[PDB]
Amino acid sequence: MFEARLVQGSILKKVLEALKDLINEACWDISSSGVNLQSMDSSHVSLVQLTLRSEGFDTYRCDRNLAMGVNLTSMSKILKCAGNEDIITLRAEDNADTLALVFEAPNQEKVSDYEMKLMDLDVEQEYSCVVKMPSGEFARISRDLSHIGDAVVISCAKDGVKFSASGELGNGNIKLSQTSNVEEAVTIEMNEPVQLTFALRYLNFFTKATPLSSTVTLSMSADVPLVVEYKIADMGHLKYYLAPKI
């Protein structure tokens with residue numbers, strides 16, 4: 001029997017809000033280490049890696065490893081049924097055919113309990129630049145550049161980070177410079193200059209995880225796909241991997 005109880009239950013809601021638009025069905029790895037997910041998107045161009053460590057949960061028990069095939073949209077709806085301040089418990093048997101979601105109330109007078117059905121889905125350091133910026137600012141830049149073109153050139157040097165886009169109506173570039181504050185500051189760790197090109201649609205998909213964290217981390221290098229990382233509040237992390245265009 002697997003049982004995970006988490007007081008801050010909004011975290012799950014936010015995670016699936018970030019994921020429902022990217023992956024339709026996915027296999028959750030349930031272990032003594034926590035809740036994990038590794039998957040491609042429906043268009044097979046990007047990679048999503050979600051980690052929620054067991055220590056971050058209020059109660060955690062995982063007798064056997066579980067490979068829960070889940071339709072992320074259905075689970076997102078069911079989590080929509082939960083209140084933002086509810087306590088969320090995920091429960092499964094060793095033969096995980098049903099998943100149980102328990103939503104607890106303030107004065108223990110409302111107790112929602114939903115049961116999903118799981119499917120038989122088999123589960124399947126080089127970096128020159130690291131930018132830490134506000135998650136809202138990254139989402140804003142992605143949304144803004146979406147109007148200009150389909151591909152974004154991210155340039156990273158010791159002077160700042162630039163997001164450029166070109167398309168039918170013209171071009172456009174945004175320049176973020178490091179600040180003096182140093183979750184509202186922009187910080188650049190550049191060990192080698194970097195100039196790469198990525199699909200803006202997938203970046204806008206990644207930015208759906210903005211409510212999970214106030215800061216986003218863009219880890220960039222010429223030979224590896226970009227990593228967009230959102231750190232949760234003292235729990236796991238959501239990492240998106242997107243290959244640079246040739």
# chains A, B, ... in the order shown; residues from 1 in each chain; ligands from 1

call {"tool": "residues_around", "arguments": {"residues": "residue 72 in chain A", "least_positions_apart": "4", "cutoff": "7 Å", "atoms": "only C-alpha atoms", "output": "PyMOL selection string"}}
result
chain A and resi 16+20+23-26+76

call {"tool": "write_last_selection", "arguments": {"atoms": "N, CA and C atoms", "output": "compact mmCIF listing (two decimals), in the first residue's frame"}}
result
# COMPACT_ATOMS: atom_id res chain seq x y z
N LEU A 16 -0.03 19.62 -11.82
CA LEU A 16 -0.83 19.08 -12.92
C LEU A 16 -1.36 20.18 -13.84
N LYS A 20 -0.79 19.14 -17.57
CA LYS A 20 -1.92 18.62 -18.34
C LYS A 20 -1.82 18.99 -19.82
N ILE A 23 1.52 16.65 -21.50
CA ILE A 23 1.48 15.19 -21.60
C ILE A 23 0.04 14.74 -21.38
N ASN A 24 -0.45 13.86 -22.25
CA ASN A 24 -1.81 13.37 -22.10
C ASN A 24 -1.87 12.20 -21.11
N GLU A 25 -1.03 11.19 -21.31
CA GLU A 25 -0.95 10.06 -20.41
C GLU A 25 0.51 9.84 -20.02
N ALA A 26 0.73 9.51 -18.75
CA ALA A 26 2.09 9.39 -18.24
C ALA A 26 2.11 8.39 -17.09
N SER A 76 -6.01 16.22 -13.45
CA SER A 76 -6.05 17.67 -13.29
C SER A 76 -7.45 18.15 -12.95

call {"tool": "select_by_dssp", "arguments": {"residues": "range 189-221 of chain A", "states": "alpha helix (DSSP H)", "output": "JSON, numbers by chain"}}
result
{"A": [200, 201, 202, 203, 204, 205, 206]}

call {"tool": "residues_around", "arguments": {"residues": "residue 48 in chain A", "least_positions_apart": "4", "cutoff": "12 Å", "atoms": "only C-alpha atoms", "output": "MDAnalysis selection string"}}
result
chainID A and resid 15:16 18:23 26:28 36:42 44 202 205:206 209 226:230 237:242

call {"tool": "residues_around", "arguments": {"residues": "residue 152 in chain A", "least_positions_apart": "5", "cutoff": "8 Å", "atoms": "only C-alpha atoms", "output": "ChimeraX atom specification"}}
result
/A:145,163-166,197-200

call {"tool": "write_last_selection", "arguments": {"atoms": "N, CA and C atoms", "output": "PDB file, in the first residue's frame"}}
result
ATOM      1  N   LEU A 145       7.403  37.265 -26.616  1.00  0.00           N
ATOM      2  CA  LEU A 145       8.075  36.838 -27.837  1.00  0.00           C
ATOM      3  C   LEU A 145       7.224  35.895 -28.676  1.00  0.00           C
ATOM      4  N   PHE A 163      16.761  37.608 -25.018  1.00  0.00           N
ATOM      5  CA  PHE A 163      15.819  36.733 -25.703  1.00  0.00           C
ATOM      6  C   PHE A 163      15.370  37.431 -26.979  1.00  0.00           C
ATOM      7  N   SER A 164      15.686  36.838 -28.127  1.00  0.00           N
ATOM      8  CA  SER A 164      15.427  37.434 -29.427  1.00  0.00           C
ATOM      9  C   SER A 164      14.476  36.547 -30.215  1.00  0.00           C
ATOM     10  N   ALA A 165      13.656  37.170 -31.056  1.00  0.00           N
ATOM     11  CA  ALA A 165      12.721  36.419 -31.881  1.00  0.00           C
ATOM     12  C   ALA A 165      12.544  37.130 -33.210  1.00  0.00           C
ATOM     13  N   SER A 166      12.408  36.344 -34.278  1.00  0.00           N
ATOM     14  CA  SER A 166      12.212  36.868 -35.620  1.00  0.00           C
ATOM     15  C   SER A 166      11.069  36.128 -36.296  1.00  0.00           C
ATOM     16  N   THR A 197      19.184  28.451 -30.014  1.00  0.00           N
ATOM     17  CA  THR A 197      17.848  28.680 -30.560  1.00  0.00           C
ATOM     18  C   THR A 197      16.902  27.577 -30.102  1.00  0.00           C
ATOM     19  N   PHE A 198      15.709  27.965 -29.646  1.00  0.00           N
ATOM     20  CA  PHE A 198      14.725  27.027 -29.118  1.00  0.00           C
ATOM     21  C   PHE A 198      13.339  27.342 -29.671  1.00  0.00           C
ATOM     22  N   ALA A 199      12.456  26.347 -29.614  1.00  0.00           N
ATOM     23  CA  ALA A 199      11.067  26.519 -30.029  1.00  0.00           C
ATOM     24  C   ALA A 199      10.278  27.236 -28.936  1.00  0.00           C
ATOM     25  N   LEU A 200       9.697  28.394 -29.276  1.00  0.00           N
ATOM     26  CA  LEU A 200       8.987  29.198 -28.282  1.00  0.00           C
ATOM     27  C   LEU A 200       7.726  28.515 -27.767  1.00  0.00           C
TER      28      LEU A 200
END

call {"tool": "select_by_dssp", "arguments": {"residues": "range 175-233 of chain A", "states": "strand (DSSP E or B)", "output": "PDB file with N, CA and C atoms, in the first residue's frame"}}
result
ATOM      1  N   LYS A 175      16.236  42.297 -22.934  1.00  0.00           N
ATOM      2  CA  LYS A 175      17.537  42.235 -22.271  1.00  0.00           C
ATOM      3  C   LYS A 175      17.346  42.331 -20.764  1.00  0.00           C
ATOM      4  N   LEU A 176      17.622  41.237 -20.060  1.00  0.00           N
ATOM      5  CA  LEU A 176      17.636  41.225 -18.604  1.00  0.00           C
ATOM      6  C   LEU A 176      19.068  41.340 -18.104  1.00  0.00           C
ATOM      7  N   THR A 187      20.237  36.760 -11.798  1.00  0.00           N
ATOM      8  CA  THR A 187      21.617  36.373 -11.544  1.00  0.00           C
ATOM      9  C   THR A 187      22.100  35.486 -12.680  1.00  0.00           C
ATOM     10  N   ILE A 188      23.291  35.769 -13.196  1.00  0.00           N
ATOM     11  CA  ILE A 188      23.843  35.037 -14.330  1.00  0.00           C
ATOM     12  C   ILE A 188      25.190  34.463 -13.918  1.00  0.00           C
ATOM     13  N   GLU A 189      25.323  33.142 -14.010  1.00  0.00           N
ATOM     14  CA  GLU A 189      26.588  32.440 -13.823  1.00  0.00           C
ATOM     15  C   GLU A 189      27.014  31.961 -15.206  1.00  0.00           C
ATOM     16  N   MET A 190      27.871  32.741 -15.862  1.00  0.00           N
ATOM     17  CA  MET A 190      28.332  32.426 -17.206  1.00  0.00           C
ATOM     18  C   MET A 190      29.799  32.033 -17.137  1.00  0.00           C
ATOM     19  N   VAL A 194      27.270  31.776 -24.682  1.00  0.00           N
ATOM     20  CA  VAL A 194      26.320  30.820 -25.243  1.00  0.00           C
ATOM     21  C   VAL A 194      25.323  31.554 -26.130  1.00  0.00           C
ATOM     22  N   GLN A 195      24.985  30.943 -27.263  1.00  0.00           N
ATOM     23  CA  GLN A 195      24.016  31.514 -28.194  1.00  0.00           C
ATOM     24  C   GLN A 195      23.261  30.353 -28.827  1.00  0.00           C
ATOM     25  N   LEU A 196      22.006  30.148 -28.420  1.00  0.00           N
ATOM     26  CA  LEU A 196      21.246  28.983 -28.857  1.00  0.00           C
ATOM     27  C   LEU A 196      19.858  29.387 -29.340  1.00  0.00           C
ATOM     28  N   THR A 197      19.184  28.451 -30.014  1.00  0.00           N
ATOM     29  CA  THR A 197      17.848  28.680 -30.560  1.00  0.00           C
ATOM     30  C   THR A 197      16.902  27.577 -30.102  1.00  0.00           C
ATOM     31  N   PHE A 198      15.709  27.965 -29.646  1.00  0.00           N
ATOM     32  CA  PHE A 198      14.725  27.027 -29.118  1.00  0.00           C
ATOM     33  C   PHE A 198      13.339  27.342 -29.671  1.00  0.00           C
ATOM     34  N   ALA A 199      12.456  26.347 -29.614  1.00  0.00           N
ATOM     35  CA  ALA A 199      11.067  26.519 -30.029  1.00  0.00           C
ATOM     36  C   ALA A 199      10.278  27.236 -28.936  1.00  0.00           C
ATOM     37  N   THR A 215      10.860  31.922  -8.746  1.00  0.00           N
ATOM     38  CA  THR A 215      12.057  31.963  -9.572  1.00  0.00           C
ATOM     39  C   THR A 215      12.117  30.772 -10.516  1.00  0.00           C
ATOM     40  N   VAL A 216      12.665  31.021 -11.700  1.00  0.00           N
ATOM     41  CA  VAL A 216      12.964  29.992 -12.684  1.00  0.00           C
ATOM     42  C   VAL A 216      14.465  29.985 -12.946  1.00  0.00           C
ATOM     43  N   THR A 217      14.989  28.798 -13.254  1.00  0.00           N
ATOM     44  CA  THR A 217      16.404  28.614 -13.556  1.00  0.00           C
ATOM     45  C   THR A 217      16.552  28.080 -14.975  1.00  0.00           C
ATOM     46  N   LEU A 218      17.238  28.842 -15.825  1.00  0.00           N
ATOM     47  CA  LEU A 218      17.529  28.459 -17.202  1.00  0.00           C
ATOM     48  C   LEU A 218      18.990  28.023 -17.275  1.00  0.00           C
ATOM     49  N   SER A 219      19.220  26.733 -17.498  1.00  0.00           N
ATOM     50  CA  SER A 219      20.558  26.157 -17.563  1.00  0.00           C
ATOM     51  C   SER A 219      20.844  25.779 -19.009  1.00  0.00           C
ATOM     52  N   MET A 220      21.900  26.361 -19.569  1.00  0.00           N
ATOM     53  CA  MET A 220      22.105  26.405 -21.006  1.00  0.00           C
ATOM     54  C   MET A 220      23.537  26.030 -21.348  1.00  0.00           C
ATOM     55  N   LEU A 226      18.585  22.721 -23.304  1.00  0.00           N
ATOM     56  CA  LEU A 226      18.295  23.659 -22.230  1.00  0.00           C
ATOM     57  C   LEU A 226      17.443  22.996 -21.154  1.00  0.00           C
ATOM     58  N   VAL A 227      17.693  23.387 -19.905  1.00  0.00           N
ATOM     59  CA  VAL A 227      16.953  22.896 -18.748  1.00  0.00           C
ATOM     60  C   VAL A 227      16.275  24.081 -18.072  1.00  0.00           C
ATOM     61  N   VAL A 228      14.949  24.055 -18.029  1.00  0.00           N
ATOM     62  CA  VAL A 228      14.148  25.063 -17.347  1.00  0.00           C
ATOM     63  C   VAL A 228      13.635  24.424 -16.065  1.00  0.00           C
ATOM     64  N   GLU A 229      14.082  24.931 -14.919  1.00  0.00           N
ATOM     65  CA  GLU A 229      13.823  24.297 -13.634  1.00  0.00           C
ATOM     66  C   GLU A 229      13.026  25.231 -12.736  1.00  0.00           C
ATOM     67  N   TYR A 230      11.983  24.679 -12.122  1.00  0.00           N
ATOM     68  CA  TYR A 230      11.151  25.365 -11.143  1.00  0.00           C
ATOM     69  C   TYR A 230      11.271  24.605  -9.831  1.00  0.00           C
ATOM     70  N   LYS A 231      11.752  25.295  -8.799  1.00  0.00           N
ATOM     71  CA  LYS A 231      11.921  24.728  -7.468  1.00  0.00           C
ATOM     72  C   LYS A 231      10.662  24.931  -6.635  1.00  0.00           C
TER      73      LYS A 231
END

call {"tool": "closest_residue", "arguments": {"among": "A:186, A:151, A:193, A:31", "to": "residue 246 in chain A", "atoms": "only C-alpha atoms"}}
result
A:151

call {"tool": "residues_around", "arguments": {"residues": "residue 223 in chain A", "least_positions_apart": "4", "cutoff": "9 Å", "atoms": "only C-alpha atoms", "output": "PyMOL selection string"}}
result
chain A and resi 126-127+244

call {"tool": "write_last_selection", "arguments": {"atoms": "N, CA, C and O atoms", "output": "PDB file, in the first residue's frame"}}
result
ATOM      1  N   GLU A 126      27.395  19.095 -18.057  1.00  0.00           N
ATOM      2  CA  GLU A 126      27.958  20.080 -18.970  1.00  0.00           C
ATOM      3  C   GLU A 126      27.005  21.262 -19.104  1.00  0.00           C
ATOM      4  O   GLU A 126      25.908  21.113 -19.651  1.00  0.00           O
ATOM      5  N   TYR A 127      27.418  22.442 -18.635  1.00  0.00           N
ATOM      6  CA  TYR A 127      26.581  23.636 -18.716  1.00  0.00           C
ATOM      7  C   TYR A 127      27.473  24.862 -18.640  1.00  0.00           C
ATOM      8  O   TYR A 127      28.289  24.983 -17.722  1.00  0.00           O
ATOM      9  N   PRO A 244      18.312  22.471 -28.312  1.00  0.00           N
ATOM     10  CA  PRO A 244      18.522  23.620 -29.199  1.00  0.00           C
ATOM     11  C   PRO A 244      18.433  23.224 -30.664  1.00  0.00           C
ATOM     12  O   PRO A 244      18.892  22.152 -31.069  1.00  0.00           O
TER      13      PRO A 244
END

call {"tool": "closest_residue", "arguments": {"among": "A:153, A:100, A:121, A:185", "to": "residue 3 in chain A", "atoms": "only C-alpha atoms"}}
result
A:100

call {"tool": "atom_distance", "arguments": {"atom1": "CA of residue 56 in chain A", "atom2": "CA of residue 181 in chain A"}}
result
29.1 Å

call {"tool": "atom_distance", "arguments": {"atom1": "CA of residue 141 in chain A", "atom2": "CA of residue 184 in chain A"}}
result
14.8 Å

call {"tool": "closest_residue", "arguments": {"among": "A:154, A:81, A:92, A:174", "to": "residue 1 in chain A", "atoms": "only C-alpha atoms"}}
result
A:92

call {"tool": "atom_distance", "arguments": {"atom1": "CA of residue 99 in chain A", "atom2": "CA of residue 4 in chain A"}}
result
11.6 Å

call {"tool": "residues_around", "arguments": {"residues": "residue 105 in chain A", "least_positions_apart": "4", "cutoff": "9 Å", "atoms": "only C-alpha atoms", "output": "ChimeraX atom specification"}}
result
/A:83,85-87,109-112

call {"tool": "residues_around", "arguments": {"residues": "residue 64 in chain A", "least_positions_apart": "4", "cutoff": "10 Å", "atoms": "only C-alpha atoms", "output": "PyMOL selection string"}}
result
chain A and resi 1-2+30-32+93-95

call {"tool": "closest_residue", "arguments": {"among": "A:148, A:118, A:75, A:90", "to": "residue 5 in chain A", "atoms": "only C-alpha atoms"}}
result
A:90

call {"tool": "closest_residue", "arguments": {"among": "A:132, A:201, A:143, A:61", "to": "residue 182 in chain A", "atoms": "only C-alpha atoms"}}
result
A:132
